[PDB]
Structure formats: structure tokens, C-alpha cells
Amino acid sequence: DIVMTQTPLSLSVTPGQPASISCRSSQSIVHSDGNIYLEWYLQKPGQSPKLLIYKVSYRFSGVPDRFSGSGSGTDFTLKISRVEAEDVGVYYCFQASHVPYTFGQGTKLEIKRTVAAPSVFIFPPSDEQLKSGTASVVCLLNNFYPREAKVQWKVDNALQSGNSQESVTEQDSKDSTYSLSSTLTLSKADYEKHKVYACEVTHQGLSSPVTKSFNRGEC
Amino acid sequence: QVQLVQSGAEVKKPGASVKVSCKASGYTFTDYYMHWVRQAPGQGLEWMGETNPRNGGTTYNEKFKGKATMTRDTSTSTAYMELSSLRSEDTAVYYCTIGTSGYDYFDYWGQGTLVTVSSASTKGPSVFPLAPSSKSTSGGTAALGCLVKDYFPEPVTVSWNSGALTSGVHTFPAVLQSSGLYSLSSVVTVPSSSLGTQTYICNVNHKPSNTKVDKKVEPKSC
Ligand SMILES: Cn1c(CNc2ccc(C(=N)N)cc2)nc2cc(C(=O)N(CCC(=O)O)c3ccccn3)ccc21
């Protein structure tokens with residue numbers, strides 16, 4: 001099978017600046033008809049890939065003029081003249097000149113926007129969950145940049161360990177930010193031993209940590 | 001107009017079979033070859049084969065030959081991909097795709113079907129509201145959401161107000177818990193001024209357990 005190798009593996013570009021992605025085929029990709037069936041696709045998380053360029057250099061209908069393809073032999077390149085927020089995701093090259101048709105491993109494009117501090121929100125466990133014998137406390141870190149935001153849980157100012165789980169979103173296609181969710185999970189019995197539940201947030205955009213807290217039973 | 005609607009996610013035991021469907025609309029079914037593409041982290045995106053909708057013949061990728069059996073029903077404009085003798089390594093997202101300009105490109109894709117191969121039985125999630133309160137406001141913005149806890153396998157989809165509310169929505173990637181079950185949260189930021197007039201419902205779908213939950217997130221008077 002023809003191996004399609006993409007370089008670089010990842011790219012971080014400031015809005016309005018160019019982006020270049022290379023795709024190298026392990027063999028020639030000239031179809032018996034004489035054409036080179038080399039395509040470029042953009043895939044966003046949870047979504048199907050979307051066609052950008054076909055037959056090396058042809059721009060698919062509806063794709064912005066900032067996208068262009070070039071190449072010959074075994075060396076193909078995708079170019080973005082000026083990157084926009086909407087360009088985030090994973091770029092894949094693909095050959096359909098020889099069976100089996102093969103895809104590249106992918107190149108992740110990150111948009112290098114300005115620093116944005118997170119907005120912090122806290123949710124006590126719901127009354128319906130407390131009826132079941134479990135208590136989940138949610139701390140939301142919203143629309144920040146860069147992705148490195150640290151969350152620490154404190155229960156009556158005592159630093160917690162091993163009772164929380166977090167998840168970061170993909171980079172937003174509109175504002176180039178990330179959001180993070182952290183969940184503290186305790187039994188109703190452990191939950192009832194303490195009063196002050198706090199999530200402390202550290203980030204590049206915060207000169208000093210931001211703490212959001214509540215007193216158990218006050219709602 | 002051109003649509004490719006695939007069957008929902010399924011959990012299957014090792015050694016069992018699974019038939020994924022791809023319902024085509026908005027074009028004459030017999031005009032274009034139907035393709036199946038696998039996506040698994042590691043091996044990445046792989047083209048499995050192409051089915052001729054006229055004669056029903058499939059040109060397979062050697063790697064998927066035998067393992068995958070592709071068919072088409074011209075009476076229902078539906079293409080099928082059947083995987084037999086399922087193994088852990090078959091866990092992946094399976095897409096159907098078509099090319100409308102000869103064999104130049106793939107312009108239309110289905111939404112994908114996640115097939116999970118496991119001995120663990122399906123588990124439907126519990127849905128808990130993340131009610132807006134004084135503790136979840138920032139300026140004139142209120143955050144609210146839903147906590148989707150203890151499901152297996154992936155995925156869960158979350159929409160807000162049957163898809164009418166999308167702006168400021170963040171449905172977080174699932175987290176694997178110690179129990180082997182998954183959890184996720186879906187949040188939205190809205191004006192705090194209109195919490196008294198607007199209604200916010202999270203629509204939670206877990207296709208492998210046939211779970212459909214609609215949860216109205218009521219503001220907290222705290
Ligand atoms: C191998 N191949 C494919 C595979 N699709 C494909 C899509 C995209 C890509 C890609 N991503 N590059 C790669 C492959 N589609 C083909 C269409 C024709 C064709 O011209 N006709 C018209 C015949 C008439 O005049 O009726 C046709 C139509 C229906 C059935 C049979 N033949 C010939 C060969 C074809």
C-alpha cells in the first residue's frame with residue numbers, strides 16, 4: 001500500500017499568517033488515466049472530514065480562496081495564505097490513484113490567538129443526585145487561551161487528591177478558545193462531613209488565582 | 001439536499017456481527033459508488049472499499065476483504081457494511097461517503113457510526129441538571145448545563161432545545177471513570193437577565209442503550 005506521510009505533525013499559527021502542510025507519497029500516484037488523484041480534507045472533532053482540494057491543485061466549490069494545493073511526483077503541499085479561526089482541526093492528504101486508496105496520518109492546526117483568562121463557574125450537586133447517595137460538584141473554566149489552565153479542589157481549604165476528573169474541549173472554531181470542566185465526586189456521607197467546596201483556577205491570563213466556592217446546604 | 005444518514009452507535013460482543021446502514025437521499029442512488037471509511041486512533045483514516053450500486057459489486061481494500069461485507073438495497077436506497085467475527089481491534093467510527101464527480105473526490109459523507117467491541121454490557125446514563133445560580137454567573141452571563149453520568153460505551157450526544165440552541169454550547173469529551181463507565185457534561189452560557197423567560201432543555205441521546213432523555217434545567221433561587 002502507498003504510505004502518505006504528513007509533515008509537520010502539528011502547527012500553531014497566529015490569525016492572518018500563512019500555514020503550510022506537506023504530504024509525501026511512498027510511491028508515484030499517477031492513475032492509469034494519467035491524472036494524480038491527490039485530495040486534502042479538513043476534519044473537526046466529532047465531525048466527518050470535509051473536502052478542500054482535489055487532483056493536487058483544484059479547489060473544491062465553496063472552499064475559500066485562501067486554500068491552495070500544489071505538487072508533483074511524490075511531494076504535495078497544502079497552503080493557507082492567511083489563517084482564520086474556522087481553519088482549526090486536522091488536515092489529511094489522500095490518494096485515490098491506486099487501490100487501496102490511502103490517507104495521511106493528519107496534521108493538527110492550532111490558532112495562536114491572544115491570551116484570554118477563563119470565566120469560572122461552580123455548580124453544587126443537584127438535589128436529584130443527592131437523593132441517589134452520590135455528590136458531584138462541577139467547576140467550569142470557560143473560553144480561555146492558551147489551553148493550560150490548572151484546577152485544584154479544596155474542601156474546607158484542604159487540598160483534594162484522587163476524587164476529581166477533568167476534560168478540555170477542542171479549540172473553538174469561532175473565538176479560538178478552550179473550555180475545561182472539572183468534576184469532584186464524593187459519596188453523600190463524605191460530602192456531608194465538609195462545609196466549604198472550592199475550585200481554585202490558575203492560568204497565564206490570571207495574575208492571581210481565581211477561587212469559586214459555596215457552602216454545602218446553603219441552597 | 002444530498003444526505004447520507006447512518007445507523008446509530010452499537011456495542012457488540014467479541015465474535016458477533018454488526019450491520020451498519022447508510023440511507024441515501026437527495027440524488028439517484030444508482031448514479032454513484034458507495035464507499036466505506038474506517039476511523040480508529042492509531043491506524044487513523046482507512047478506505048475499506050467501493051460498492052457499485054448498479055451491479056452491487058464491491059472493490060475492497062485487501063485489509064478489509066472478508067472481514068467487511070458491503071451490499072446495497074436499490075429499493076430503499078440504502079447501503080450496508082457488515083462486519084463479521086468482531087474483535088476489540090474493530091472498535092472505530094465507520095463512515096459512508098460518495099463522490100459526485102466521477103472518481104475525483106468525496107464531497108458527501110454520512111455522520112459516522114461508532115462500533116464498540118466489548119464483553120461489558122451497555123449502560124444508559126443518569127442525567128443531572130447543572131442549574132444556574134448566583135454561583136454560576138459571571139458579569140451578566142449565566143452558565144447552566146447537564147451532567148451525563150455512568151454510561152457505557154461511547155458516544156452520548158447532547159443537543160439544547162432540540163438543536164435550536166447551539167451558540168456558547170460546550171459538550172465536553174467523555175472521561176473514563178475507574179468503573180470503566182464514561183461521564184460527560186454539556187454546558188451553555190446565556191444572558192442572566194432572561195432566566196425568567198427562557199426555557200433550556202438538554203436532549204441527551206445514548207444510542208447503544210436506546211436512551212433518550214430530555215431534561216429541563218430550572219434556575220436555582222440561590
Ligand atoms: C471506480 N469509480 C468510482 C469510485 N468512486 C470514487 C469516488 C471518489 C474517489 C476519490 N475520493 N478520489 C474515488 C473513487 N466511481 C466511478 C464512476 C464511473 C463512471 O464514470 N460511471 C458513469 C457510467 C455511465 O456513463 O453511466 C459510473 C457510475 C456509477 C457506476 C458505474 N460507473 C467509473 C468508475 C468509477
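Each value, and the rule that gives it
Residues numbered from 1 in each chain as written, not as in the entry; some residues may be left out. Chains lettered and ligands numbered in written order. Heavy atoms only, no water. Residues with missing side-chain atoms left out of burial classes, pairs and counts. Domains from an automatic or database assignment. Contact = heavy atoms within 4.5 Å. Buried area = accessible area lost by both parts, 1.4 Å probe. Salt bridge = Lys/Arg side-chain N within 4 Å of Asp/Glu carboxyl O. Polar contact = N/O pair within 3.5 Å; in protein donor to acceptor, adjacent residues only side chain to side chain. Nonpolar A, V, L, I, M, F, W, Y, C, P; charged D, E, K, R; others polar. Pairing = 2+ DSSP bridges. Helix = DSSP H or I, 4+ residues; strand = E, 2+ residues; numbered from the N terminus. Axes fitted to C-alpha atoms, helices over the stretch in contact; angles between N-to-C directions. 1 Å grid on protein atoms, 1.4 Å probe; cavity = no way out; pocket = protein on both sides within 12 Å on 5 of 7 lines; lining within 4 Å. Points joined across faces, edges and corners; volume = space filled by probe spheres on them.

As summarised from the PDB record, the model derives from X-ray crystallography at a stated resolution of 1.90 Å.

1. What about the domain arrangement of chain A?
All names here are of chain A. You can read the domains of chain A as domain 1 (1–112) and domain 2 (113–216). For domain 1 and domain 2, the distance between their C-alpha centres works out to 38 Å. On the side of domain 2, 11 residues touch domain 1, which itself brings 10 residues to the contact. Roughly 760 Å² of surface becomes buried between domain 1 and domain 2 when both sides are summed, with 45% attributable to carbon and sulfur atoms. It is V88, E110 and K112 that lose the most area in domain 1 upon contact with domain 2, and together they represent 47% of the buried surface on that side. The shortest N-O distance in the salt bridge between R147 and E110 comes to 2.8 Å. There are six residue pairs in polar contact connecting domain 1 and domain 2. A class-by-class count of the residues in the side of domain 1 that touches domain 2 yields five nonpolar, one polar and four charged.

2. Considerations on the sheet that holds strand β3 (residues 19–25) of chain A
Residue and element names in this part refer to chain A. Strand order in the open sheet formed by four strands is β1-β3-β8-β7, and the pairing between neighbours is antiparallel. Unpaired on one side and paired on the other, β1 (4–7) and β7 (67–72) mark the two borders of the sheet. Here the average twist between neighbouring strands, direction ignored, is 20 degrees. When β3 meets strand β8 (residues 75–80), the two strands line up antiparallel, connected through six bridges. When the sheet's bridge partners are listed, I21 is paired in β8 with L78.

3. Here we look at the layout of surface pockets
Roughly 620 Å³ of volume is contained in the second largest pocket. Taken together, 29 residues line the second largest pocket, and the ones lying closest to its centre are A:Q47, A:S48, A:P49, A:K50 and A:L51. Residue assignment for the lining of the second largest pocket shows that the elements contributing at least two residues are β4 (38–43) and β5 (50–54) of chain A together with β1 (3–6) and β10 (108–109) of chain B. Here the lining of the second largest pocket gets three residues from one element, more than from any other, and that element is β5(A). Its residues assigned to classes, the lining of the second largest pocket comprises 13 nonpolar, nine polar and seven charged.

4. Section: the domain arrangement of chain B
All names here are of chain B. Taken as a whole, chain B is organised into domain 1 (1–115) and domain 2 (116–222). On a C-alpha basis, the centroid separation for the pair domain 1 and domain 2 is 30 Å. With 14 residues of domain 1 in contact, the opposing surface of domain 2 contributes 13 residues. Together, the buried faces of domain 1 and domain 2 total about 980 Å²; carbon and sulfur atoms form 64% of this surface. A per-residue breakdown of the area domain 1 buries against domain 2 is headed by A9, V11 and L114, which together make up 48% of the total. Inspection of the domain 1/domain 2 interface yields zero salt bridges. The interface formed by domain 1 and domain 2 includes five residue pairs in polar contact. Secondary structure elements with two or more residues in the side of domain 1 that touches domain 2: β2 (10–12) and β11 (113–117). The residue makeup of the side of domain 1 that touches domain 2, split by class, is six nonpolar, three polar and five charged.

5. Some remarks on the sheet that holds strand β16 (residues 164–168) of chain A
Strand pairing within a sheet occurs via backbone hydrogen bonds; the two strands may be parallel or antiparallel. Residues and elements named next belong to chain A. Judged by pairing direction, the sheet is antiparallel, and its four strands sit side by side in the order β12-β13-β17-β16 without closing on themselves. Single-partner strands in this sheet number two, and they are β12 (119–123) and β16. In this sheet, adjacent strand axes meet at a mean angle of 15 degrees when their direction is disregarded. Note: strand β13 (residues 134–144) against strand β17 (residues 178–187), nine bridges, orientation antiparallel. Directly across from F144, in β17, lies its bridge partner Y178.

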